[PDB]
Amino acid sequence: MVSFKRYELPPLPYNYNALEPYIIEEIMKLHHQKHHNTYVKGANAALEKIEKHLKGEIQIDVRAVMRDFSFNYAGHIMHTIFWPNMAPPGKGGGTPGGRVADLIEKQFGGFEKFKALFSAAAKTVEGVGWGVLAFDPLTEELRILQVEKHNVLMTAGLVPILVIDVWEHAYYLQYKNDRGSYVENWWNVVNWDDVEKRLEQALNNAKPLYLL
């Protein structure tokens, strides 16, 4: 038996104030240092309980510990995508090109229609959660969905290439109740270079994971 590899909190690809004016420094700081950090530690804690269980050292509720792992691991991986999905205005924002633009054109009828639908999905998440643009390994096509919490409505297979966090701690200090304005503004910091790179990996790698 080998002790599990621990999850670690990544640094941001930019400073805490680098996404101003669209997302203020205080949100970025709390969101990274408190919230994302909590999910990293929570994922590790659940794996530690599994480890101690397997070593005959403690008793565990398997369902409970796996629910804890699920929520925290999902919080961690969604955030690991979220941060580099954004970039300071200039590098961030604008209109995508490349394969992402092509698929957006073919499936959603262009960037404006895609933007409206993605925005709708993000704005209408019930409670806290995420708006998600994903690559489907079964059809090699894009799909949009919502995730509640970090780990409800998410499915196997689908590869998130672009996500927006609509947990209240992602916008409340700046936009208060007005999630809609937050979502509208977030477009100005989308790192389309990152999304394109994610799509290219998915195009090469995703289908074979399930092809078998």
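Each residue number is its position in the shown sequence, starting from 1.
- Per-stretch averaging of Cα B factors for 139 to 147 and 65 to 73 places 139 to 147 on top.
- Note on 148 to 156 vs 54 to 62: mean CA B-factor is higher in 54 to 62.
- Sorting 131, 84, 94, 127 by the CA temperature factor given in the entry leaves 94 at the top.
- The entry lists a Cα temperature factor for residue 99 that places it in the highest third of the chain's modelled residues.
- When all modelled residues of the chain are sorted by CA temperature factor, residue 33 is found within the middle third.
- The entry lists a Cα temperature factor for residue 184 that places it in the highest third of the chain's modelled residues.
- Ranked by Cα temperature factor within the chain, residue 79 sits in the lowest third according to the deposited record.
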